[PDB]
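Novice: Contents of query30.cif (mmCIF, C-alpha atoms and all ligand atoms) are below:
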data_model
loop_
_atom_site.group_PDB
_atom_site.id
_atom_site.type_symbol
_atom_site.label_atom_id
_atom_site.label_comp_id
_atom_site.auth_asym_id
_atom_site.auth_seq_id
_atom_site.Cartn_x
_atom_site.Cartn_y
_atom_site.Cartn_z
ATOM 1 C CA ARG A 671 0.000 0.000 0.000
ATOM 2 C CA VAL A 672 1.637 3.189 -1.294
ATOM 3 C CA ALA A 673 0.924 6.623 0.201
ATOM 4 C CA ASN A 674 2.206 10.199 -0.253
ATOM 5 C CA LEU A 675 3.713 10.121 -3.738
ATOM 6 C CA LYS A 676 5.886 13.200 -4.359
ATOM 7 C CA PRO A 677 7.711 14.620 -7.385
ATOM 8 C CA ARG A 678 11.216 14.122 -5.959
ATOM 9 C CA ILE A 679 10.025 10.522 -6.078
ATOM 10 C CA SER A 680 9.263 9.580 -2.506
ATOM 11 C CA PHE A 681 6.442 7.596 -0.934
ATOM 12 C CA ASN A 682 5.667 5.437 2.065
ATOM 13 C CA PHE A 683 4.676 1.800 1.875
ATOM 14 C CA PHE A 684 3.557 -0.945 4.229
ATOM 15 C CA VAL A 685 2.852 -4.625 3.582
ATOM 16 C CA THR A 686 -0.405 -6.437 4.370
ATOM 17 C CA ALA A 687 -1.305 -10.147 4.600
ATOM 18 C CA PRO A 688 -2.807 -11.321 1.243
ATOM 19 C CA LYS A 689 -6.538 -11.036 1.961
ATOM 20 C CA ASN A 690 -6.613 -10.049 5.637
ATOM 21 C CA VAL A 691 -6.674 -6.250 5.338
ATOM 22 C CA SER A 692 -6.379 -5.889 9.137
ATOM 23 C CA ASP A 693 -3.048 -7.759 9.332
ATOM 24 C CA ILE A 694 -0.079 -5.442 8.806
ATOM 25 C CA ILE A 695 3.331 -7.119 8.647
ATOM 26 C CA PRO A 696 5.577 -5.388 11.230
ATOM 27 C CA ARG A 697 8.274 -2.944 10.203
ATOM 28 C CA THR A 698 11.077 -5.102 11.616
ATOM 29 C CA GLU A 699 10.140 -8.048 9.379
ATOM 30 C CA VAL A 700 9.953 -5.942 6.215
ATOM 31 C CA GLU A 701 13.405 -4.475 6.927
ATOM 32 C CA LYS A 702 14.816 -7.997 7.190
ATOM 33 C CA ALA A 703 13.089 -8.962 3.941
ATOM 34 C CA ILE A 704 14.427 -5.944 2.051
ATOM 35 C CA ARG A 705 17.979 -6.524 3.349
ATOM 36 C CA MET A 706 17.817 -10.079 1.993
ATOM 37 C CA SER A 707 16.868 -8.966 -1.531
ATOM 38 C CA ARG A 708 18.222 -5.417 -1.837
ATOM 39 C CA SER A 709 20.706 -6.404 -4.550
ATOM 40 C CA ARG A 710 17.842 -7.843 -6.605
ATOM 41 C CA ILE A 711 15.602 -4.764 -6.320
ATOM 42 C CA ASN A 712 18.499 -2.486 -7.309
ATOM 43 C CA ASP A 713 19.164 -4.430 -10.506
ATOM 44 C CA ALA A 714 15.537 -4.211 -11.651
ATOM 45 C CA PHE A 715 15.755 -0.399 -11.712
ATOM 46 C CA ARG A 716 19.533 0.093 -12.349
ATOM 47 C CA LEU A 717 20.109 1.827 -8.997
ATOM 48 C CA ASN A 718 23.068 1.474 -6.656
ATOM 49 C CA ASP A 719 22.044 1.839 -2.946
ATOM 50 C CA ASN A 720 22.657 5.603 -3.038
ATOM 51 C CA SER A 721 19.896 6.213 -5.591
ATOM 52 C CA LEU A 722 17.403 3.805 -3.966
ATOM 53 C CA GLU A 723 17.247 4.641 -0.268
ATOM 54 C CA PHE A 724 15.076 2.853 2.262
ATOM 55 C CA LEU A 725 15.127 5.360 5.111
ATOM 56 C CA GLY A 726 16.038 3.511 8.284
ATOM 57 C CA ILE A 727 17.863 0.669 6.498
ATOM 58 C CA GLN A 728 21.591 1.102 5.999
ATOM 59 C CA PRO A 729 24.249 -0.842 4.066
ATOM 60 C CA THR A 730 26.579 -2.509 6.541
ATOM 61 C CA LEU A 731 29.205 -5.007 5.347
ATOM 62 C CA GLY A 732 32.281 -4.971 3.092
ATOM 63 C CA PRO A 733 35.706 -5.334 4.779
ATOM 64 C CA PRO A 734 38.568 -4.450 2.404
ATOM 65 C CA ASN A 735 41.886 -6.239 1.895
ATOM 66 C CA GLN A 736 43.872 -8.674 -0.257
ATOM 67 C CA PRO A 737 47.579 -7.982 0.309
ATOM 68 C CA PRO A 738 48.833 -11.097 2.099
ATOM 69 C CA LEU K 127 70.054 16.214 9.596
ATOM 70 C CA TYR K 128 66.334 16.899 9.140
ATOM 71 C CA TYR K 129 66.506 17.379 5.357
ATOM 72 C CA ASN K 130 67.344 13.688 4.935
ATOM 73 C CA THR K 131 64.341 12.774 7.106
ATOM 74 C CA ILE K 132 61.942 14.404 4.631
ATOM 75 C CA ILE K 133 63.498 12.192 1.942
ATOM 76 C CA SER K 134 62.785 9.130 4.094
ATOM 77 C CA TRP K 135 59.131 10.197 4.210
ATOM 78 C CA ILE K 136 59.197 10.546 0.415
ATOM 79 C CA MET K 137 60.635 7.027 0.096
ATOM 80 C CA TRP K 138 57.858 5.673 2.323
ATOM 81 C CA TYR K 139 55.250 7.114 -0.045
ATOM 82 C CA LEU K 140 57.070 5.651 -3.060
ATOM 83 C CA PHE K 141 57.088 2.161 -1.537
ATOM 84 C CA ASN K 142 53.348 2.425 -0.824
ATOM 85 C CA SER K 143 52.486 2.814 -4.515
ATOM 86 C CA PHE K 144 52.340 -0.050 -7.081
ATOM 87 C CA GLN K 145 48.770 -0.902 -6.053
ATOM 88 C CA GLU K 146 45.559 0.322 -7.700
ATOM 89 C CA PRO K 147 43.446 0.907 -4.547
ATOM 90 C CA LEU K 148 46.058 3.389 -3.178
ATOM 91 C CA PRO K 149 46.441 3.185 0.626
ATOM 92 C CA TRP K 150 45.357 6.788 1.228
ATOM 93 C CA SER K 151 42.142 6.422 -0.782
ATOM 94 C CA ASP K 152 39.784 4.764 1.726
ATOM 95 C CA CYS K 153 39.225 4.442 5.464
ATOM 96 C CA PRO K 154 39.666 1.173 7.362
ATOM 97 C CA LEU K 155 36.798 -0.344 9.320
ATOM 98 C CA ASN K 156 36.245 -0.891 13.035
ATOM 99 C CA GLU K 157 36.767 -4.003 15.121
ATOM 100 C CA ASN K 158 33.084 -4.623 14.469
ATOM 101 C CA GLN K 159 32.908 -4.290 10.681
ATOM 102 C CA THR K 160 30.022 -1.820 10.535
ATOM 103 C CA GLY K 161 31.479 1.676 10.117
ATOM 104 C CA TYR K 162 34.720 3.531 9.563
ATOM 105 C CA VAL K 163 37.199 4.492 12.275
ATOM 106 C CA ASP K 164 36.089 7.484 14.339
ATOM 107 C CA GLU K 165 38.915 9.852 13.359
ATOM 108 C CA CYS K 166 38.812 8.794 9.708
ATOM 109 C CA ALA K 167 35.126 9.731 9.546
ATOM 110 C CA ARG K 168 35.572 13.238 10.949
ATOM 111 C CA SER K 169 38.799 14.082 9.103
ATOM 112 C CA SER K 170 39.844 12.997 5.600
ATOM 113 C CA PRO K 171 41.137 9.521 4.689
ATOM 114 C CA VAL K 172 44.339 11.248 3.537
ATOM 115 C CA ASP K 173 44.761 12.578 7.081
ATOM 116 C CA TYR K 174 44.337 8.991 8.303
ATOM 117 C CA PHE K 175 47.375 7.949 6.375
ATOM 118 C CA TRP K 176 49.830 10.709 7.291
ATOM 119 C CA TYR K 177 49.040 11.343 10.952
ATOM 120 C CA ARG K 178 48.020 7.879 12.185
ATOM 121 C CA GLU K 179 49.359 5.286 9.732
ATOM 122 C CA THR K 180 52.665 6.910 8.747
ATOM 123 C CA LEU K 181 53.663 9.126 11.663
ATOM 124 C CA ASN K 182 51.494 7.639 14.455
ATOM 125 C CA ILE K 183 51.694 11.120 15.980
ATOM 126 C CA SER K 184 51.023 11.961 19.645
ATOM 127 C CA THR K 185 49.197 14.836 21.322
ATOM 128 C CA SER K 186 52.214 16.874 22.502
ATOM 129 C CA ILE K 187 55.971 17.274 22.167
ATOM 130 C CA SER K 188 56.436 16.497 25.861
ATOM 131 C CA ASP K 189 55.531 12.803 25.510
ATOM 132 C CA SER K 190 57.356 10.567 23.035
ATOM 133 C CA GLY K 191 56.674 6.931 22.288
ATOM 134 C CA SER K 192 58.954 4.347 20.705
ATOM 135 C CA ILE K 193 61.200 4.074 17.672
ATOM 136 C CA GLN K 194 58.401 3.230 15.129
ATOM 137 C CA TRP K 195 60.284 0.529 13.232
ATOM 138 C CA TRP K 196 58.724 1.054 9.796
ATOM 139 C CA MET K 197 60.070 4.607 9.639
ATOM 140 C CA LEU K 198 63.456 3.289 10.753
HETATM 141 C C1 LIG O 1 -6.516 -10.922 10.474
HETATM 142 O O1 LIG O 1 -5.473 -10.417 11.300
HETATM 143 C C2 LIG O 1 -5.869 -10.125 12.648
HETATM 144 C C3 LIG O 1 -4.653 -9.555 13.336
HETATM 145 O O2 LIG O 1 -4.271 -8.316 12.757
HETATM 146 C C4 LIG O 1 -6.411 -11.383 13.328
HETATM 147 O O3 LIG O 1 -6.918 -11.011 14.604
HETATM 148 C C5 LIG O 1 -6.452 -11.918 15.615
HETATM 149 O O4 LIG O 1 -7.438 -12.928 15.859
HETATM 150 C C6 LIG O 1 -7.078 -13.890 16.860
HETATM 151 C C7 LIG O 1 -8.202 -14.897 16.909
HETATM 152 O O5 LIG O 1 -9.208 -14.586 15.956
HETATM 153 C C8 LIG O 1 -6.846 -13.184 18.195
HETATM 154 O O6 LIG O 1 -6.407 -14.133 19.162
HETATM 155 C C9 LIG O 1 -5.803 -12.086 18.031
HETATM 156 O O7 LIG O 1 -5.679 -11.349 19.241
HETATM 157 C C10 LIG O 1 -6.192 -11.135 16.901
HETATM 158 N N1 LIG O 1 -5.156 -10.135 16.698
HETATM 159 C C11 LIG O 1 -5.339 -8.836 16.950
HETATM 160 C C12 LIG O 1 -4.165 -7.944 16.688
HETATM 161 O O8 LIG O 1 -6.404 -8.401 17.373
HETATM 162 C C13 LIG O 1 -7.519 -12.004 12.483
HETATM 163 O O9 LIG O 1 -7.932 -13.254 13.023
HETATM 164 C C14 LIG O 1 -7.038 -12.223 11.054
HETATM 165 N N2 LIG O 1 -8.101 -12.769 10.230
HETATM 166 C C15 LIG O 1 -7.955 -13.891 9.519
HETATM 167 C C16 LIG O 1 -9.139 -14.313 8.711
HETATM 168 O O10 LIG O 1 -6.913 -14.537 9.532
HETATM 169 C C1 LIG O 2 33.150 -5.009 18.778
HETATM 170 O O1 LIG O 2 33.588 -6.363 18.534
HETATM 171 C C2 LIG O 2 34.556 -6.838 19.483
HETATM 172 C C3 LIG O 2 34.946 -8.229 19.044
HETATM 173 O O2 LIG O 2 36.298 -8.279 18.608
HETATM 174 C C4 LIG O 2 33.972 -6.803 20.899
HETATM 175 O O3 LIG O 2 34.990 -7.162 21.827
HETATM 176 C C5 LIG O 2 33.435 -5.416 21.233
HETATM 177 O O4 LIG O 2 32.760 -5.447 22.486
HETATM 178 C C6 LIG O 2 32.473 -4.928 20.150
HETATM 179 N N1 LIG O 2 32.021 -3.576 20.434
HETATM 180 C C7 LIG O 2 30.731 -3.259 20.589
HETATM 181 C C8 LIG O 2 30.441 -1.818 20.879
HETATM 182 O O5 LIG O 2 29.841 -4.099 20.500
HETATM 183 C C1 LIG O 3 51.296 3.465 17.399
HETATM 184 O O1 LIG O 3 50.936 2.218 16.764
HETATM 185 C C2 LIG O 3 50.976 1.091 17.657
HETATM 186 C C3 LIG O 3 50.669 -0.132 16.825
HETATM 187 O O2 LIG O 3 51.108 0.030 15.484
HETATM 188 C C4 LIG O 3 49.994 1.301 18.812
HETATM 189 O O3 LIG O 3 50.124 0.227 19.736
HETATM 190 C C5 LIG O 3 50.267 2.625 19.520
HETATM 191 O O4 LIG O 3 49.266 2.870 20.501
HETATM 192 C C6 LIG O 3 50.298 3.776 18.517
HETATM 193 N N1 LIG O 3 50.624 5.028 19.182
HETATM 194 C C7 LIG O 3 49.715 5.976 19.433
HETATM 195 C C8 LIG O 3 50.222 7.206 20.125
HETATM 196 O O5 LIG O 3 48.537 5.848 19.116
#
Just give me the structure as C-alpha cells.
Ligand SMILES: *[C@@H]1O[C@H](CO)[C@@H](O[C@@H]2O[C@H](CO)[C@@H](O)[C@H](O)[C@H]2NC(C)=O)[C@H](O)[C@H]1NC(C)=O
Ligand SMILES: *[C@@H]1O[C@H](CO)[C@@H](O)[C@H](O)[C@H]1NC(C)=O
Ligand SMILES: *[C@@H]1O[C@H](CO)[C@@H](O)[C@H](O)[C@H]1NC(C)=O

Specialist:
Amino acid sequence: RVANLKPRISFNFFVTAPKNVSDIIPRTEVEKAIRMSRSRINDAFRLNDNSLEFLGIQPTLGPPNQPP
Amino acid sequence: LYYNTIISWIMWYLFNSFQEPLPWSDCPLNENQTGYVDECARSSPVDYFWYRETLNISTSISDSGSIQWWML
C-alpha cells in the first residue's frame, strides 16, 4: 500500500497479509526482507544503494583487503 | 640532519604505490565491521594515512613513544 507520492520521487509503503486487510506485517520483518533482496531490487531499476534509499535501512558489510 | 628525514618520508610514499586501490584512498573499518574508524570519519582519509598510519603522531611534544620501526 503506497501513500504520499511526491515529485522528488518519494512515498511510504507498508505490507499487508494477502486477503486479511487488518493484518499489517511489522516494520522489523519488512526491513529484514528488504535486506535479503536489496541487490535484486536495485538491478531491476539500475540503482546502486545511493539512488534507492530505504530510510532507516543502511548498508553494513564490506571489509577491504587482499595484500597477504 | 632533518633534510634527509623528509626524503625518508618521500621514500615511504614511493614504496606504498604499485597498487591500484592506493592506501590513502579509503578508510579502514572498526573491530566490528560496521562503520569507519572514528577519526577517519571526521577528518579525511588522507589525514588517516599521514598522521596515524605513517607518523602515528602523539598529542604533545612532551611525551614521546617508541622508535616506530617502519620509519626506521
Ligand atoms: C486478520 O489479522 C488479525 C490480526 O491483525 C487477526 O486477529 C487476531 O485474531 C485472533 C483470533 O481470531 C486473536 O487471538 C488475536 O488477538 C487477533 N489479533 C489482533 C491484533 O487483534 C484475524 O484473526 C485475522 N483474520 C484472519 C481471517 O486470519
Ligand atoms: C566489537 O567487537 C569486538 C569483538 O572483537 C567486541 O569485543 C566489542 O565489544 C564490540 N564492540 C561493541 C560496541 O559491541
Ligand atoms: C602506534 O601504533 C601502535 C601499533 O602500530 C599502537 O600500539 C600505539 O598505541 C600507537 N601510538 C599511538 C600514540 O597511538

Novice: Return the neighbours of chain K among the residues of chain A, cut-off 9 Å, counting all atoms listed in the file, as a PyMOL selection string.

Specialist: chain A and resi 729-734

Novice: May I have the residues at most 8 Å from (16.4, -0.1, -5.7) in the file's coordinates, counting all atoms listed in the file, as a list in words?

Specialist: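 Residues with an atom at most 8 Å from (16.4, -0.1, -5.7): residues 708, 709, 710, 711, 712, 713, 714, 715, 716, 717, 718, 719, 721, 722 and 723 of chain A.
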
Novice: How about saving the chosen residues, C-alpha atoms kept, as a PDB file, in the coordinates of the input?

Specialist:
ATOM      1  CA  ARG A 708      18.222  -5.417  -1.837  1.00  0.00           C
ATOM      2  CA  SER A 709      20.706  -6.404  -4.550  1.00  0.00           C
ATOM      3  CA  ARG A 710      17.842  -7.843  -6.605  1.00  0.00           C
ATOM      4  CA  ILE A 711      15.602  -4.764  -6.320  1.00  0.00           C
ATOM      5  CA  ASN A 712      18.499  -2.486  -7.309  1.00  0.00           C
ATOM      6  CA  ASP A 713      19.164  -4.430 -10.506  1.00  0.00           C
ATOM      7  CA  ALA A 714      15.537  -4.211 -11.651  1.00  0.00           C
ATOM      8  CA  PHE A 715      15.755  -0.399 -11.712  1.00  0.00           C
ATOM      9  CA  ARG A 716      19.533   0.093 -12.349  1.00  0.00           C
ATOM     10  CA  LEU A 717      20.109   1.827  -8.997  1.00  0.00           C
ATOM     11  CA  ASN A 718      23.068   1.474  -6.656  1.00  0.00           C
ATOM     12  CA  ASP A 719      22.044   1.839  -2.946  1.00  0.00           C
ATOM     13  CA  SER A 721      19.896   6.213  -5.591  1.00  0.00           C
ATOM     14  CA  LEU A 722      17.403   3.805  -3.966  1.00  0.00           C
ATOM     15  CA  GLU A 723      17.247   4.641  -0.268  1.00  0.00           C
TER      16      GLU A 723
END

Novice: Which residues are near ligand LIG 1 (chain O) in this structure, taking near to mean any atom at most 9 Å from a ligand atom and counting all atoms listed in the file? Format them as a list in words.

Specialist: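 The distance check yields residues 687, 689, 690, 691, 692, 693, 694 and 695 of chain A.
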
Novice: Written as a list in words, which residues does the PyMOL selection byres (((chain K and resi 150) around 6) and not hetatm) give for the file shown?

Specialist: residues 148, 149, 151, 152, 172 and 175 of chain K

Novice: Find the nearest atom pair between each residue of chain K and ligand LIG 3 (chain O) for residues within 8 Å, count only C-alpha atoms and all ligand atoms, give distances in Å to one decimal, sort rows by chain and ascending number, and present the table as a tab-separated table.

Specialist:
residue	atom	partner	partner_atom	distance
K:178	CA	O:LIG3	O5	7.2
K:179	CA	O:LIG3	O1	7.8
K:182	CA	O:LIG3	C1	5.1
K:183	CA	O:LIG3	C8	5.9
K:184	CA	O:LIG3	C8	4.8
K:185	CA	O:LIG3	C8	7.8
K:191	CA	O:LIG3	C8	6.8
K:194	CA	O:LIG3	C1	7.5

Novice: Interatomic distance between CA of residue 735 (chain A) and CA of residue 166 (chain K)?

Specialist: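 Going from CA of residue 735 (chain A) over to CA of residue 166 (chain K) covers 17.2 Å.
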
Novice: Find the residue from K:195, K:181, K:169, K:189 that sits nearest to residue 135 (chain K); use all atoms listed in the file when measuring.

Specialist: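 Ranking K:195, K:181, K:169, K:189 by distance to residue 135 (chain K), first place goes to K:181.
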
Novice: Give me the result of the PyMOL selection byres (((chain A and resi 700) around 12) and not hetatm) on this file, residue by residue, as a list in words.

Specialist: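 This file, filtered by the PyMOL selection byres (((chain A and resi 700) around 12) and not hetatm), leaves residues 683, 684, 685, 686, 694, 695, 696, 697, 698, 699, 701, 702, 703, 704, 705, 706, 707, 708, 724, 726 and 727 of chain A.
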
Novice: Interatomic distance between CA of residue 190 (chain K) and CA of residue 177 (chain K)?

Specialist: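 Pair CA of residue 190 (chain K) / CA of residue 177 (chain K) returns 14.7 Å.
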
Novice: Could you tell me how far CA of residue 180 (chain K) sits from CA of residue 142 (chain K), in Å to one decimal place?

Specialist: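 Atom-to-atom, CA of residue 142 (chain K) to CA of residue 180 (chain K), that is 10.6 Å.
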
Novice: Looking at only C-alpha atoms and all ligand atoms, which of K:157, K:193, K:163, K:170 is the one that sits closest to ligand LIG 2 (chain O)?

Specialist: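 Among K:157, K:193, K:163, K:170, it is K:157 that comes nearest to ligand LIG 2 (chain O).
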